[PDB]
K.L.:
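Structure in structure tokens, see below.
Chain letters run A, B, ... following the sequence lines, proteins first and then strands; every chain starts at 1.
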2 protein chains.
Amino acid sequence: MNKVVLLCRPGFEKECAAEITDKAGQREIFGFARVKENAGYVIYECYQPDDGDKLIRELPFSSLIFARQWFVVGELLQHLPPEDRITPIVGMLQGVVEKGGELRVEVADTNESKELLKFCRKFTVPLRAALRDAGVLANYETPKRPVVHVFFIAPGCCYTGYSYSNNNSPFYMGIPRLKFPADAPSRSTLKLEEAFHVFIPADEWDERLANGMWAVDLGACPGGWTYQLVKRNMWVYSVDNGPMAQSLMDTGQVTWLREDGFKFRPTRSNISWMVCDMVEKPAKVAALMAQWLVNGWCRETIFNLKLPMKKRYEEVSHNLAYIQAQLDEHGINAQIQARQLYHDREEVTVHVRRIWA
Amino acid sequence: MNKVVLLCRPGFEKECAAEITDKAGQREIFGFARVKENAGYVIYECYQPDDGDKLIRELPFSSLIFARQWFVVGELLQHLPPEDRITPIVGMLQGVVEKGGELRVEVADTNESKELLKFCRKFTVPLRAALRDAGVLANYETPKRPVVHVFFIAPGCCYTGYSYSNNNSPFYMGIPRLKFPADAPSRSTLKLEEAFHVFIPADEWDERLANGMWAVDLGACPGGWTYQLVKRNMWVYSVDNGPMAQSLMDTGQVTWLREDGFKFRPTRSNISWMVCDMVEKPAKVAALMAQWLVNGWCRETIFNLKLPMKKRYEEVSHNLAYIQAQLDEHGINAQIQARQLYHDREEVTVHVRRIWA
Ligand SMILES: C[S@@+](CC[C@H](N)C(=O)[O-])C[C@H]1O[C@@H](n2cnc3c(N)ncnc32)[C@H](O)[C@@H]1O
Ligand SMILES: C[S@@+](CC[C@H](N)C(=O)[O-])C[C@H]1O[C@@H](n2cnc3c(N)ncnc32)[C@H](O)[C@@H]1O
């Protein structure tokens, strides 16, 4: 199988396509990706017949910025008859996957696929039972078998294939399912919350997003990001000239510092987390983030970088290489990830974990 | 997992070890193999932690001469308590293999493991049921999941691991199960029969060992090899100065040519199969085989090469490279395999399939 599907934000197919061509190219896994404006996905077609499975094994999924999720697929099934919906899909997956761990029937995140989404979520149930009988799915859900994807690009038109659970998005359509909490001060709270789900493996949450940690939130007003930190039982220095929500102040966990996030110097030495959602030039925000990490003012950080109008993939990769250059220059070991989150529009979210010897 | 177990003929551990070190070395999969004189197996210990699974994926199993079978294993389980035999083995395989396709509980092919063999064949049944409940084995047998191996080197001492069904021996202990037929003229009939099982994939038998084919058997007296060809409903020219068994002559399928296999020139142009089990110097037999293939006197061939006293792996590889050199020199495309069959002692059996454009 030579085709790899990447789900992306509608209208970012060109970046998603530029990135995967670039990063697969770097491993001599050559091919091309067409771009269908606003389709909400991109297909990378490898030149070599089995390079598709090589690509989704060896290139780290966490290193792609503009893909929400990916999977290898086979040939496009067209015109699935309403009266015979199961057989053709089973025929495409048999011998392709044996005893898979999970099924996900997905669409592109466009408005035109909204009805089709409802169909897919319900179709999952009877389809899963049938794929079980055929031995394509294990009788029990399993983390350590590939996820089976059936991907509908239009009614009666779908691809079938898979991805490895240790190298993909754990989430449906690459979008964690989050309800907005009415007591949170801003909708942007879901950016940090989503970021927690995307970047920190769920079984490490109690350890890395730990009850009792100090955190700093730069540009905190009115407190959407602070809220997520408070929900984790952290103590927070919220840094802004604007006021913090009273609901947050009442918890007893928030210290409001009336300052400029860009000018703020932490007096404290044991801050675990710094988060920053300040609206400003990407090169400047990146510079600030590098200061924090190089000085060991925080152990981990989540922040946002706004994208330019053109050369978005190139520009944001430049920003990241700046921060990495600053780390190398001072001999500092860190892991860096960036992802255009579902709740990110013309921006990218970044996570950096610094290490001490 | 860095350890790969290779089953071999007892007393050929040094060759088996020389070969795997050489061929894994060629792929920069470095490590070492200790040699326990007559143990009937060899363990290749890779330097890199996960190179074990790389080795049994990427190096073609069909290219090893002195291994009957191989599989990756983990740590040696010692002292399996009679009162608790299942739990420790399940604990070693869980997370290591999920929904495996098949179970094989094997020992080394030594006389000291004869009682242990009987234990292993019976233990398979309750062990398989338990591994199913734990999700280590699928509830149904499957070709397209890895084979799960539990390997006993002494009572209560075993390794656990796996191999890929598309890159291993399909046979238990790498030994196809054959009963000797009383109407066959020689016990050596089982060499050719075993060779058919080892070299020709079972689903290609009716096509490649086809009813109606012409074959030539050089050094045919008294007719053990001829017998296997006759059993496939082939027409056979049995070439020898010694007499063919009357039982064979009565079938109507055997033409006895009173000649020297080394001097014999086929008058016929459409011989599918030539087989040769003539006792003679390996370089000379090889030369004869190269004549047959280069002149297109047969489409496929199975023959035997006797091993020298020392440098057996080196010597027999030399012979094979001679034949390959002769093919290259005349622009001839062929696939070559050689395996020290179970019914081979101080010799190796070879199969060559020639191709026409
Ligand atoms: C888009 S809001 C997001 C706030 C937060 N993420 C939330 O959910 O409530 C960004 C905040 O950063 C603050 N900000 C932007 N630039 C700043 C600067 N240079 N110094 C201090 N605050 C700044 C703004 O006042 C604003 O309150
Ligand atoms: C070890 S026997 C095996 C025969 C056969 N594989 C079977 O199962 O009956 C080898 C045979 O090859 C024959 N042979 C050896 N060298 C030969 C030669 N140079 N010309 C003709 N026959 C030869 C011998 O006479 C002997 O019958």
Side-chain angles (χ1 to χ4, degrees), chain A residues 3-21 32-45 61 64-86 88-89 92-93 102-128 147-163 168-180 187 190-191 194 197-198 307 309-310 312-313 339-349:
Chain A
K3 296 191 291 307
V4 177
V5 159
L6 304 95
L7 302 183
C8 64
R9 173 166 215 98
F12 281 76
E13 296 78 20
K14 38 133 174 40
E15 288 78 6
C16 181
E19 172 168 40
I20 196 53
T21 302
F32 63 95
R34 302 186 186 265
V35 175
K36 287 169 106 295
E37 204 118 304
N38 308 91
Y41 71 100
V42 149
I43 305 193
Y44 193 69
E45 324 196 27
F61 170 70
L64 309 162
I65 297 167
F66 294 98
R68 298 172 165 187
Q69 171 69 119
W70 70 351
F71 43 90
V72 186
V73 293
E75 299 305 285
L76 180 49
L77 199 166
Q78 307 191 34
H79 320 296
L80 194 69
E83 65 275 4
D84 175 39
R85 280 198 186 105
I86 297 289
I89 301 179
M92 277 297 293
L93 283 158
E102 194 194 331
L103 169 67
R104 295 182 197 172
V105 191
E106 294 157 323
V107 300
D109 186 31
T110 71
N111 171 257
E112 204 80 303
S113 277
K114 285 299 189 161
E115 286 307 288
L116 190 60
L117 173 67
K118 299 176 181 178
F119 170 93
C120 286
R121 291 169 136 172
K122 315 223 193 183
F123 188 45
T124 302
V125 178
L127 180 53
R128 168 165 56 223
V147 173
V148 177
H149 293 86
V150 189
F151 180 56
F152 275 80
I153 62 177
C157 291
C158 61
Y159 291 96
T160 64
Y162 62 86
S163 74
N168 75 350
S169 174
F171 308 106
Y172 178 83
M173 287 174 55
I175 306 169
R177 181 217 238 145
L178 309 170
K179 283 293 164 298
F180 177 68
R187 283 203 76 92
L190 304 164
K191 296 174 152 209
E194 184 181 356
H197 288 276
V198 171
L307 301 172
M309 231 83 73
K310 315 300 183 55
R312 301 172 174 150
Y313 166 57
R339 175 64 43 77
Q340 183 180 22
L341 301 182
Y342 169 78
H343 302 282
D344 288 329
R345 277 196 193 277
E346 291 259 307
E347 39 183 338
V348 159
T349 302

K.L.:
Which pair of non-hydrogen atoms, one from A:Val348 and one from A:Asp344, has the smallest distance, and what is that distance?
P.N.:
C-OD2, 3.9 Å
K.L.:
Does the ring centre of A:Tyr41 sit less than 6.0 Å away from the ring centre of A:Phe151?
P.N.:
yes
K.L.:
For the residue pair A:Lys122 and A:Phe119, would you count it as a cation-pi contact if the rule is NZ or CZ under 6.0 angstrom from the ring centre and within 45 degrees of the ring axis?
P.N.:
no
K.L.:
Considering only heavy atoms from C-beta outward, does the side chain of A:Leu93 approach that of A:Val150 to under 4.5 Å?
P.N.:
yes
K.L.:
To the nearest 0.5 Å, what is the distance between CG (A:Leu178) and CG (A:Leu190)?
P.N.:
6.0 Å
K.L.:
Out of curiosity, A:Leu127 CG to A:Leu103 CG, how far, rounded to the nearest 0.5 Å?
P.N.:
5.0 Å
K.L.:
Got a donor-acceptor contact below 3.5 angstrom from the A:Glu13 side chain to the A:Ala39 backbone?
P.N.:
yes
K.L.:
Should we count CD of A:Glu45 as having more than 12 external heavy atoms under 6.0 Å?
P.N.:
yes
K.L.:
Please report the shortest heavy-atom distance between A:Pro81 and A:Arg85, naming the atom on each side.
P.N.:
O-CG, 3.3 Å
K.L.:
Return the minimal non-hydrogen interatomic distance between A:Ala17 and A:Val35, and the atom names on each side.
P.N.:
CB-CG2, 3.7 Å
K.L.:
Could you tell me if the side chain of A:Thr160 sits less than 4.5 Å from the side chain of A:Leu77, heavy atoms only?
P.N.:
no
K.L.:
Which heavy atom of A:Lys14 sits nearest to which heavy atom of A:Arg312, and what is that distance?
P.N.:
NZ-NH1, 3.0 Å
K.L.:
Checking A:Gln340 side chain against A:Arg9 main chain: does a donor-acceptor pair fall under 3.5 Å?
P.N.:
no
K.L.:
Rounded to the nearest 0.5 Å, how far does NZ of A:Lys191 lie from CD of A:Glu347?
P.N.:
3.0 Å
K.L.:
Are A:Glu15 and A:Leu307 packed together at the side-chain level, in the sense that at least one heavy-atom pair is separated by less than 4.5 angstrom?
P.N.:
no
K.L.:
Can you see which heavy atom on A:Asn168 is nearest to which on A:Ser163, and at what distance?
P.N.:
ND2-OG, 2.8 Å
K.L.:
For residues A:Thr124 and A:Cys120, report the shortest heavy-atom separation together with the two atoms involved.
P.N.:
OG1-O, 2.8 Å
K.L.:
Check for a donor-acceptor pair, side chain of A:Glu102 on one end and backbone N or O of A:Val147 on the other, with a separation under 3.5 Å.
P.N.:
no
K.L.:
Measuring only between side-chain heavy atoms, which start at C-beta, is A:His343 closer than 4.5 Å to A:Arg187?
P.N.:
no
K.L.:
Flag the pair A:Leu80 / A:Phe152 as yes when at least one side-chain heavy-atom distance between them is below 4.5 Å, and no otherwise.
P.N.:
yes
K.L.:
Are any of the side-chain heavy atoms of A:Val4 and A:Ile20 separated by less than 4.5 Å?
P.N.:
no
K.L.:
For side chain to side chain contact (heavy atoms under 4.5 Å, CB included), just list the numbers for A:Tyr44 and A:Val72, CA-CA rounded to whole Å, side-chain angles, deciding distance to a tenth of an Å, and then say yes or no.
P.N.:
CA-CA 9 Å; A:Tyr44 193 69; A:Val72 186; over 6 Å; no
K.L.:
Are A:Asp109 and A:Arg68 side-chain neighbours, meaning at least one heavy-atom pair lies under 4.5 Å?
P.N.:
yes
K.L.:
Just by distance, do the side chain of A:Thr110 and the backbone of A:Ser113 share a donor-acceptor pair under 3.5 Å?
P.N.:
yes
K.L.:
Is there side-chain contact between A:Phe66 and A:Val42, with heavy atoms separated by less than 4.5 Å?
P.N.:
no
K.L.:
Pick from A:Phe71, A:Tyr159, A:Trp70, A:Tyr172: which one makes a ring pair (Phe, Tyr, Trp, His ring centres under 6.0 Å) with A:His149?
P.N.:
A:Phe71
K.L.:
Calculate, to the nearest 0.5 Å, the distance between atoms NE2 and OG belonging to A:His197 and A:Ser169 respectively.
P.N.:
11.5 Å
K.L.:
Distance check, rounded to the nearest 0.5 Å: A:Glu37 atom CD versus A:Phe12 atom CZ?
P.N.:
12.0 Å
K.L.:
Could you state the interatomic distance from CZ (A:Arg339) to CD (A:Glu194), rounded to the nearest 0.5 Å?
P.N.:
9.5 Å
